[PDB]
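Those sequence lines, one after another, are chains G, R, X, D, H and E. Adding 8 to a residue's 1-based position in the first sequence gives its number in my numbering. Adding 2 to a residue's 1-based position in the second sequence gives its number in my numbering. Adding 27 to a residue's 1-based position in the third sequence gives its number in my numbering. Adding 2 to a residue's 1-based position in the fourth sequence gives its number in my numbering. Adding 27 to a residue's 1-based position in the fifth sequence gives its number in my numbering. Adding 872 to a residue's 1-based position in the sixth sequence gives its number in my numbering. Working notes for the structure below.
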Amino acid sequence: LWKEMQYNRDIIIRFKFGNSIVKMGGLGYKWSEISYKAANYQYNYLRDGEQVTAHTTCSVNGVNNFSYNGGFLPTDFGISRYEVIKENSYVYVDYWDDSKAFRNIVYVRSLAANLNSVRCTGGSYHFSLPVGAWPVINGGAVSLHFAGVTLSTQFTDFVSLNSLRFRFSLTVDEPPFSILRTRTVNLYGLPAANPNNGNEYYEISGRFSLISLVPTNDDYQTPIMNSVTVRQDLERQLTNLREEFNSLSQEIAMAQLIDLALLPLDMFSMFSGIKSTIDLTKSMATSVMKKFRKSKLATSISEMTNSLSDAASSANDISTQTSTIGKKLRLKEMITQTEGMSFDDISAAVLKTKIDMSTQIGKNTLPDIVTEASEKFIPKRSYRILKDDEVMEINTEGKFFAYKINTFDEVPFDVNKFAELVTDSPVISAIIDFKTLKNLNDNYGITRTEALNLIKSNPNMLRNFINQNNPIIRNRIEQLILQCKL
Amino acid sequence: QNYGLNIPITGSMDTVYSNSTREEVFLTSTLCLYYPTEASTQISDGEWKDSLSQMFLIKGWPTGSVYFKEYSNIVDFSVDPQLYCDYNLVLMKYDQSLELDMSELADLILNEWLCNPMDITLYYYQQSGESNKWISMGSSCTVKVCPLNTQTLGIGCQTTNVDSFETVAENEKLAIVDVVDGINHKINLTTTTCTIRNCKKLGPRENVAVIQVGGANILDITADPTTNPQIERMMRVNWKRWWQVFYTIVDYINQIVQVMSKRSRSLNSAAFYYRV
Amino acid sequence: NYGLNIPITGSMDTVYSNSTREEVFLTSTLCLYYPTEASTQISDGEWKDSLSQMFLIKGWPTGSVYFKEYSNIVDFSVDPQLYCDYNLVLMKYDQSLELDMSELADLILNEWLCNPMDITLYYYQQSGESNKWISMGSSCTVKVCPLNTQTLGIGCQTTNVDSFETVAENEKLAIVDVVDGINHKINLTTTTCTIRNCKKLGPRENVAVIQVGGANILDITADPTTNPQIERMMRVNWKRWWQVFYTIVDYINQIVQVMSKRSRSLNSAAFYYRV
Amino acid sequence: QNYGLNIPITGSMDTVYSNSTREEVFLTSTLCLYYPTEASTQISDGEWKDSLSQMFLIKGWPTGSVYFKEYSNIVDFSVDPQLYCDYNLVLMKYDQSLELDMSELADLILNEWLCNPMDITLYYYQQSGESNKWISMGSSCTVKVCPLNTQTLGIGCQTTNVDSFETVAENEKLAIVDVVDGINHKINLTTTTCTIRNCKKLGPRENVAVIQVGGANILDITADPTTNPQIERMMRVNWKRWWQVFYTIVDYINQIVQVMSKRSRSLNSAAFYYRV
Amino acid sequence: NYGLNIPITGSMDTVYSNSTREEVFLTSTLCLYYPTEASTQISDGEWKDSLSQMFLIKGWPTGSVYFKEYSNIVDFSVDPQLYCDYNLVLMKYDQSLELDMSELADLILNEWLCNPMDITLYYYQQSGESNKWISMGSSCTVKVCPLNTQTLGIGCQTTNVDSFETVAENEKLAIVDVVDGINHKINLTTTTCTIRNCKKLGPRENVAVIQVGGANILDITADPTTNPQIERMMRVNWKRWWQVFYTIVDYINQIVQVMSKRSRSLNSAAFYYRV
Amino acid sequence: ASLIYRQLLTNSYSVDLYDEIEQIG
Ligand SMILES: *[C@@H]1O[C@H](CO)[C@@H](O)[C@H](O)[C@H]1NC(C)=O
Ligand SMILES: *[C@@H]1O[C@H](CO)[C@@H](O)[C@H](O)[C@H]1NC(C)=O
Ligand SMILES: *[C@@H]1O[C@H](CO)[C@@H](O)[C@H](O)[C@H]1NC(C)=O
Ligand SMILES: *[C@@H]1O[C@H](CO)[C@@H](O)[C@H](O)[C@H]1NC(C)=O
Ligand SMILES: *[C@@H]1O[C@H](CO)[C@@H](O)[C@H](O)[C@H]1NC(C)=O
Ligand SMILES: *[C@@H]1O[C@H](CO)[C@@H](O)[C@H](O)[C@H]1NC(C)=O
Ligand SMILES: *[C@@H]1O[C@H](CO)[C@@H](O)[C@H](O)[C@H]1NC(C)=O
Ligand SMILES: *[C@@H]1O[C@H](CO)[C@@H](O)[C@H](O)[C@H]1NC(C)=O
Ligand SMILES: [Ca+2]
Ligand SMILES: [Ca+2]
Ligand SMILES: [Ca+2]
Ligand SMILES: [Ca+2]
Ligand SMILES: [Ca+2]
Ligand SMILES: [Ca+2]
Ligand SMILES: [Ca+2]
Ligand SMILES: [Ca+2]
Ligand SMILES: [Ca+2]
Ligand SMILES: [Ca+2]
Ligand SMILES: [Ca+2]
Ligand SMILES: [Ca+2]
Ligand SMILES: [Ca+2]
Ligand SMILES: [Ca+2]
Ligand SMILES: [Ca+2]
Ligand SMILES: [Ca+2]
């Protein structure tokens, strides 16, 4: 639905530095500031058989402020803060041209260039001294070496031109910058006096690649001149993509989902392989984390730990206690590594199978999806604790059972004896809950080994029963998949 | 795929269909709005198409999945209205004296018509029965009919003198003329400017819906007088501003598509019956 | 506190309890809103007294049935006030006022819960189908400009009111619906008209509206798919206002049977203001 | 949810009661001051509303959750006071000769009246008992009451001559008039300026609390003479400086709030009884 | 929803029988498409009536036979609307019209599904061997420019229309096939001639193309390797149009026995416009 | 598969220095 299109071109980038000067008073001997300034430039050049018109803008950063001041006397020479560029300073050259490629520069999958370095040398500036020997600025040079292309925009008068920004590094060069007829010799670097040396333009040549993502709702019919710019793009409605994600569960499978859920999914494993733009593949993971932190579930984790810490120094009746410890068990499940099938495994599996078959179209929207699913998926779940072959099972809705392992018949529950063990003994997610398990034992009479395995939520036995095509387990896991509805 | 044959479909009644969920029609189809030009004039704009496309996108429809096909007025739209599109909404602005013209246009676009040609100067014609009409479309149709008895002696008309013929429409750009079914007829209409076709009414066309913008219910699409059904696709809404009309449609568009449905003839299933 | 959560049980063979018709007639208060041209054509002024004396036979105590004249339909549409226990609103149909009558019917036949809207300060956004913006005043000109996520207008500049899109001008009452999900900027004449953000709860069954003239036009539901004919969309054909009033007096029992007293609010306002 | 039925609700006398909702009411509700313009005049400022909102924030009320309202004076505020606001405080400066009008305003707001229109020209109006008054509001109310015998004959007055009527109030911006129960009355009231409503007194108004800034307890909000109760929402405070008054209110806003409570008729629980 | 998935079981023994019935019209309709040259040579104008009378004896009721006159092959190729059920198209062969006749045959004899092509705004491709582009109008000068992976025109500059390659110039109808899998930029005179992306479904078996003149040249299949002879690609030998029409009338039973009425569409257009 | 939620919570500290990037930039 979103098609890659390569637009790699060989370009010639022409640019010139901008010089701003501010005079200090008196009779005209001193100066206040000599500094680099943003500089525009227009040109045209022949390439590939057509004349392409280009617009460039040069700017400087990291600039040093040398100084020189002959004293407080009202005629002694000096420049209060005269700049230079050296190792630290960078120069950006925003580049634009009328060619077709720059119309399709909104969404990009990749972008990188190869430009040839250049040597910029300083000119000759005759500081305007009213009388006497003429001071002479001369010399100084650097070399621009390309390092990295990014997106950018010229805030040009008539419109805002989306453009490519080339960040060139620097390298000080041989000619020792001097203030001749004056006390500054054998410096090195390019000062702001006359960075252009009278040249009409400093010139670079190279080749830049680009992989745009022009949209497509049909194979044969691909567009030109991408014009769905962020003026023409707007927030997809929250309920709208909620409905889309809910609809996506039309297609999810039964056993393949469990097979995926039995992976270790990490940051790289999930968030890689998303057909996204460059601006979102840069920080998708951090974007997801930022909104994951403030989710109701995450602040519930924080409240649990802080409440326990504060308690460390502070010193249907059953349904309420069971429900509260059920929420607590959900929190514990999320924070710790359980050895069972662990409902959040299934939640993450559904999440991956949903997001993989989507696309990023100028807005991340994995925030509000990953973090929202983390809290909404599988709203009512169940846990259990086995002890002495009398497993006590609990539901987040408040229900409770206590049934034997060898034969699945329940027993009167023991509140405050389940609570002593739920703190320390390992909790087992009940993906095969007591009701479905009783159905399975009644209809398909099972053995001690597989009974214990299903109680423990062993992936081996779960997949064995799924691949037996057991209707009970098949239907149960299908409903498990179906509550994942955001 | 076993086209061109009616073979009965068996289907269970107590099946879960848990996997079943909503059909996001807007992700694939193409919505398609027709309006009178006076809507554009009152709007007094010209990026309003872009604005409405943006709001449709916000409702769900991709960028190119919406079209805005203007028409000059109701009557000039009624001449051979071909709605080659996927979800047609037609904003018919009611004004008095356009009653039957609105109704006949609505019938034409809401019923699938299977039309054969006619050679008025050569053959006498008769409607087979209830579902048959003659559709006359052109710049200015003027249909005159001379009924013929069994002996080809016209009743109330002389088969030569066109003057004695019985007019059934004049200066009408569209006319769905019905005559007594089972009677031979000679026809006379201005053959250069108007074409006429012997048409049968198939089932309903669900690709198209009519938002009537003005006054009370009038759309008696069924040419029978006894039955005046209110088909759900014949929506109606009051108005005092075309922006309010368009905003209403955009806001409630999903329900409109739920009212409508895909063109049943355009599917693969109808390949060898009358696929269109 | 109430037992909303707990359920009510009830058998099916319970004998029908006797009629409370006498109770409702003796306690409640019928209340007729009607245009001024009704009185003008009646050409009288003992006529309200006569109508009360004629309700007395139908079974209303004398000091119950009230009459609350209004200037015309469009003027009554502004801040309509349901003063009264059982409400009837005579409404003379005429061409070009179809939307105005529909607006009034939508406003009074339904329970609207209205929050304040400050046009100048904030951009406002519609929650869903059951939300509208109701503007009331001597003159309302709701000019809207929808915005991108960047607070940039589409089809309109956020700073030039002349690029905005009008949705209703010079209307006394306007129930404007906009695309649900958008941040709009509104321009409306703040001194003479006031706009409110109104959700629409269930139906107000205290009011009946009697279209005195022409055809069925009242699309109470802004959704264009549905056009329900509520039981309280009363209609009559008229030439003489005395005949209309006699019809109402004669068949008043059935009108009250259609209505239901229980949906009466404390305020006389047609909506719940919920600052 | 079974609105409209007063079905019994059972509760155990041993269930451990739950934590505070002070934070809930602060975050969700909105507090709402009403004060006289003389207060702002003495304050002699004009960032003071913002400053008080900032001070309220530390007590817990979000920035947009407090609404300050001014009024010219008590009698002017009495005519049609709409307290459409979720936790209402009414500052009330007491000066002599306004005791009855002040008590009238308090009786109007602190209680919850359901009430019907009156048509003074047509009918003769009774009062049904202790709970029934007539409330007259307007720029100039003057209620002249003539009681009648069972034969529709005035006692101490004449149905014709309005001057012989007994004036129960005059030039009152608000007047609550009670009269002998079960006697027909003919009223004369200035129909162009003042409007009168026949009003029954339901339960008390949860929502509003009145703070008398001046003197001693004088607010009799019970027309009965035998009982002068002391309501929690009816409070007093001595003063010489409006900044001091506002600071006391802001400091003790917790206590004022948990003396008041949410308007019972604005709840969903009272949906089909007299929801407001 | 005609259940196009469940299998149908026949039998290999029983029985050769009749076709029961079908009720949507009284009966089928035969439909001649002849050039104006036939009328000019015949030098008549009661001849349509004479031919109808001579069809009646062959066993076609009077109203079933329709006649359609067209200027010539190229002027008819534009939007050939087959308004009818059993179509015959008598095409006079003429040297240098070989590819035009092949274009028209490929258009009508086969069932097409056409989408619009907005040339100004998009590039275009060809999905597979079954996908052509069809350009029709008064004058179609279709200049293409193929583009490599880098969106640089190969053999052409996208900004210079002159460098393009003219696949077909000044045709009333042009079926153009460019290489499948390479994007193209198109250029044609949008005022006069439109163009559509047309995929080829199965055959349309209402239509019989009768080559009146020379050799067997109709290559319906654009593939050079294949050149099938279809039962509907009729060919007859002529000196006089009266002889041609008489042969058609005499052998019309075979002419309709080779075709099939089932593959018909509501609209008379020669393709399904799928937008 | 549940490991990713734990990884998000554990590694969430870096969002602080990411918003530091955003605000300093
Ligand atoms: C949906 O599920 C039913 C039974 O659960 C199955 O028979 C059917 O094939 C499934 N279809 C789809 C499209 O998932
Ligand atoms: C219609 O009537 C006119 C007037 O006599 C005549 O010239 C014309 O031929 C008639 N139409 C046909 C199709 O015969
Ligand atoms: C109800 O009416 C019936 C007959 O009309 C009578 O027998 C019965 O006593 C009445 N009950 C009440 C409660 O009025
Ligand atoms: C409405 O627009 C006018 C100018 O058209 C402007 O003066 C006024 O301030 C606008 N209303 C508001 C509330 O800003
Ligand atoms: C209620 O408050 C107490 C202390 O005031 C606290 O220990 C307890 O956790 C609170 N209840 C809940 C449910 O947080
Ligand atoms: C009260 O009496 C005055 C005459 O003194 C009269 O003008 C007025 O109409 C009377 N009030 C009513 C309600 O009729
Ligand atoms: C089938 O058609 C033939 C036509 O010659 C007819 O004679 C025969 O009767 C038909 N079949 C039956 C069973 O009648
Ligand atoms: C087609 O080419 C002509 C001249 O070669 C040019 O004027 C026209 O703009 C082109 N069409 C399009 C759609 O660019
Ligand atoms: Ca005649
Ligand atoms: Ca007509
Ligand atoms: Ca008929
Ligand atoms: Ca009818
Ligand atoms: Ca505009
Ligand atoms: Ca209005
Ligand atoms: Ca809405
Ligand atoms: Ca409606
Ligand atoms: Ca007296
Ligand atoms: Ca008073
Ligand atoms: Ca009393
Ligand atoms: Ca008292
Ligand atoms: Ca050709
Ligand atoms: Ca070339
Ligand atoms: Ca091809
Ligand atoms: Ca071939």
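A virtual CB, placed ideally from N, CA and C, is assigned to each residue, including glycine.
According to DSSP, residues forming a beta bridge with residue i
i, result
"G:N194", "G:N194 is not bridged to any residue."
Nearest candidate by alpha-carbon position, reference residue i, set the options
i, options, result
"X:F103", "X:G30, X:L31, X:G164 and X:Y273", "X:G164"
"H:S292", "R:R277, R:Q153 and R:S271", "R:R277"
"R:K71", "R:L33, R:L110 and R:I11", "R:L33"
"G:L374", "G:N225, G:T294 and G:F426", "G:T294"
"G:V180", "G:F174, G:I260, G:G147 and G:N73", "G:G147"
"H:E232", "H:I213, H:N142, H:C111 and H:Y273", "H:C111"
Buried versus exposed call for residue i [16 or more other C-beta atoms within 10 Å across all chains shown]
i, result
"G:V167", "exposed"
"G:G453", "exposed"
"D:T192", "buried"
"X:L126", "buried"
"G:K31", "exposed"
"X:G180", "buried"
"G:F426", "buried"
"G:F163", "exposed"
"X:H211", "buried"
Chain-ordered neighbours of residue i on chain C, where CB pairs are closer than 8 Å
i, result
"R:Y254", "In the structure shown, chain C does not exist; the protein chains are G, R, X, D, H and E."
Residues of the stretch 55–79 of chain H whose Cβ lies closer than 7 Å to any Cβ of chain R, in chain order: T56, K75, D76 and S79
Cβ pair count under 8 Å reaching 3, the stretch 120–137 of chain R against the stretch 199–208 of chain R: yes
Contact list for the stretch 110–124 of chain G against chain E, Cβ threshold 8 Å: none
Three CB pairs or more closer than 8 Å across the stretch 36–53 of chain X and the stretch 70–78 of chain X: no
Validate contact between the stretch 281–295 of chain H and the stretch 97–117 of chain H using beta carbons, cut 8 Å, 3 pairs: yes
Residues, ordered as in the chain, of the stretch 157–190 of chain D that lie near chain X by beta-carbon distance below 8 Å: none
Meets three-Cβ-pair contact criterion under 8 Å: the stretch 253–273 of chain G and the stretch 347–355 of chain G: yes
Contact set between the stretch 458–479 of chain G and chain R, restricted to residues whose Cβ is under 7 Å from the partner: none
Proximal residues, the stretch 106–131 of chain D versus chain X, C-beta separation under 9 Å: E114, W115, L116, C117, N118, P119, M120, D121, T123, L124, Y125, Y126, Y127 and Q128
Three-pair Cβ contact test at 8 Å for the stretch 74–83 of chain G versus the stretch 43–63 of chain G: no
Segment contact, 8 Å Cβ cut-off, at least three pairs: the stretch 167–181 of chain X with the stretch 129–143 of chain X: no
Any 3 or more C-beta pairs closer than 8 Å across the stretch 117–125 of chain R and the stretch 167–174 of chain R: no
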